[PDB]
Undergrad: 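Input: one structure, supplied below.
Numbers restart at 1 for each chain; the letters A, B, ... are given by sequence-line order, proteins then strands. What's counted below: heavy atoms across the whole structure, side chains too, no hydrogens, waters or symmetry copies. Ligands are counted one by one from 1 in listed order, and the atoms in each one are counted from 1 as well.
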Amino acid sequence: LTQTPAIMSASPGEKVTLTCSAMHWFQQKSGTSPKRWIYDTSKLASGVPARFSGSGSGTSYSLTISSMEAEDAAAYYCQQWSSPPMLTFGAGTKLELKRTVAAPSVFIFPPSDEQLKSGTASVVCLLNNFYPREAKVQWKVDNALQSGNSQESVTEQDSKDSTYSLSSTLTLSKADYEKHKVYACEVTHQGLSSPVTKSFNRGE
Amino acid sequence: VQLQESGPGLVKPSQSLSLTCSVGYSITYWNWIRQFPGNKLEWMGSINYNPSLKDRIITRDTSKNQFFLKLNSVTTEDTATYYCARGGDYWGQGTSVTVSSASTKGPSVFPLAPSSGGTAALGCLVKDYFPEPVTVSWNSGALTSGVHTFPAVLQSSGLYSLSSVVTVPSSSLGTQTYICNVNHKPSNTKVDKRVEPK
Amino acid sequence: XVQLXXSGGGXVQXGXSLXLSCXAXXXXXXXXXXXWXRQXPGXXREXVXXXXXXXXXXXXXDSXXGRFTXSXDXXXXXXXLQXXXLXXXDXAXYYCXXXXXXXXXXXXXXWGXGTXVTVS
Ligand SMILES: CC(=O)N[C@H]1[C@@H](OC[C@H](N)C(=O)O)O[C@H](CO[C@]2(C(=O)O)C[C@H](O)[C@@H](NC(C)=O)[C@H]([C@H](O)[C@H](O)CO)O2)[C@H](O)[C@@H]1O
């Protein structure tokens, strides 16, 4: 089962349709158990508001919201049973609340002396309160692009301003850290006409 | 109908993962379904199996109205949240199972100091701990606005690392003290790390 | 090879409308997001709006939300910015750019010449 789109951004009030290409539909909010939402293609489960509906047949099914509500933001998984006895889920579609474009605020943090005394340097790049979710973070050490030595994590959509935040950590040995001068993180986002670079010099 | 999962949340690799589900309705399909960190759902099996796992995978006991999952020779890829369910209409709460060789270790808390508009960012890096979770507060709970505590990442060392940041007015960097309070119960470690500008 | 040519700007009264267009040449614009930005003489280029690929919706800046609308014609390989309830604060050179990254990270490598919109 292939779900389209992977991520759906909708304003409160839009008609929204999630397609399952090849029906059962489950809703899941972050951290909670999946709940049966629309079973047998179009039957609404207990507690499901009337704005939800299901349609489709054969190789194409769809879940439809007449008027998007804020509480409808969640992951939606389609699930099928085949009788080779197999119970298969789809990759799920995230239905998020759309807001206005906000470019991230970029900050950089050099490693502390405490961590350097242990032989490791962690440089942290923060992208604060941006939307939409898509962005790109590139680590550059003396203009050399880093690869395979960073890890990032992203918060859930903020319940107040509907933005995302991203934290990226570049980890090096103290020796490799002292072998270079300029440490920078370069951020690209659709709200930016040109990439934003935040950098520092190791000695300063 | 109510289903509840129980069992250990930490199993060593190549050992056995055993989970019990207590079931409001009789057992005469009842499924085990897991969700990976990547949020992919996978049906494992049912008792009244998925070919991807049939070689190492479910029993039942009617005296206490429980059915059980047995997964042998676990690897780190088996780290997941496990749910028991009746068909697809009633799901359990789910239990997180971490498959790791790591041992309990408290975290190191390093400062992310603010330096050179009117908004500054600072925080704390909580690095090299095991297992999940840690909790982070700011100024003993007095500072919550602008706080972002990120999900932990699993490093190649097998230890977790996360960051907790907060944005503040720049003019407050000389007048307001900022302390992050990190708590890691499995190691009984508690750190109050002061973040001073550079 | 890619080239972008914007058109449709001009002198308009406060509270009226405009339909700016941008034509793409030497490459198809069907697999990439097209983004409108704008610049005042002594300022920097601020994002105005973005239209992703078809069925991937559009997004807008806060200063133009509800008043502006972005759309695409993949057949004519063109993008369009409809501007309603124009205020004098919208007076700028409007540029169009192509996001080269299919994952919508906005690798803005190709830009147009821009068209002057003055509202008075
Ligand atoms: C009232 C109600 O919700 N009825 C459902 C339910 O009916 C159950 C039936 N009366 C029974 O006790 O057997 O479920 C129906 C779906 O039934 C299947 C299916 O064919 O899809 C039976 C399969 O054997 C089962 N497979 C497994 C591995 O459990 C699947 C599966 O449970 C679901 O696909 C999970 O979502 O359900 C039908 O939905 C009725 O409306």
Undergrad: Tell me the residues surrounding ligand 1, counting only those with a heavy atom closer than 4.0 angstrom, sorted by chain and number.
TA: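 Correct list: A/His24, A/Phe26, A/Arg36, A/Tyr39, A/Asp40, A/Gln79, A/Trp81, A/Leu87, B/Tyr29, B/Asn31, B/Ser46, B/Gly87, B/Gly88.
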Undergrad: Quick one: do B/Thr20 and B/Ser6 satisfy side chain to side chain donor-acceptor pair (under 3.5 Å)? Show the steps, please.
TA: CA-CA 5 Å; B/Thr20 76; B/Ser6 58; 2.3 Å; yes
Undergrad: Quick one: does any side-chain atom of B/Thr98 pair with a main-chain N or O of B/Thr79 as donor and acceptor, under 3.5 Å?
TA: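 Answer holds: no.
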Undergrad: Quick one: which residue pairs count as a ring pair (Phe, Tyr, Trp, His ring centres under 6.0 Å) with a foot in residues 9-30 of chain A, not counting sequence neighbours?
TA: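 As it turns out, the ring pair (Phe, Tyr, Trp, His ring centres under 6.0 Å) pairs with a partner in residues 9-30 of chain A, which skip direct neighbours, are A/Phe26-A/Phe89, A/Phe26-B/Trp91.
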Undergrad: Enumerate the ring pair (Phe, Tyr, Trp, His ring centres under 6.0 Å) contacts for residues 32-51 of chain B, please, sequence neighbours excluded, ordered by first and then second residue.
TA: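 Only B/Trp32-B/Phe67 qualify under ring pair (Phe, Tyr, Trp, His ring centres under 6.0 Å).
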Undergrad: Counting distance only, does the side-chain N/O of B/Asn183 pair as donor-acceptor with the main-chain N or O of B/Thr135 below 3.5 Å?
TA: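 Side chain of B/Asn183 to backbone of B/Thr135: no pair is present.
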Undergrad: Please set out all donor-acceptor pairs under 3.5 angstrom arising from side-chain atoms of residues 78-87 of chain A, sequence neighbours excluded.
TA:
| residue | atom | partner | partner atom | Å |
| --- | --- | --- | --- | --- |
| A/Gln80 | NE2 | A/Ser82 | OG | 2.5 |

